[PDB]
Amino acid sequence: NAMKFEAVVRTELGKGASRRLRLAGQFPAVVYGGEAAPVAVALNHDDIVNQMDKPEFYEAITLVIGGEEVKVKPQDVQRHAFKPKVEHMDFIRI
């Protein structure tokens, strides 16, 4: 049950909602497929990321959405799942 992650249904989706999650150690995600409508969730960033080097992570994981367990599979959609290391840097003259 190590591949079992708690998912929180997102309330805010406007400006700064994603940045808010990041500073709270989270990141936004979308759960879809089937007859049920898509559900926007928030997952623990470092907890999810630490499993993304395991082959079975891309096979099947479990998201606990509001108590109910939901089996999902990550989709290869975005070109680069991992984002740039450096966003800004300061340099001092020596």
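A residue's number is simply how far along the shown sequence it sits, counting from 1.
When the C-alpha B-factors of 52-60 and 26-34 are averaged, 52-60 comes out higher.
Comparing 2-10 with 85-93, the stretch with the higher mean C-alpha B-factor in the PDB entry is 2-10. Ranked by Cα temperature factor within the chain, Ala42 sits in the middle third according to the deposited record. Among all modelled residues in its chain, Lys73 ranks in the middle third by Cα B-factor.
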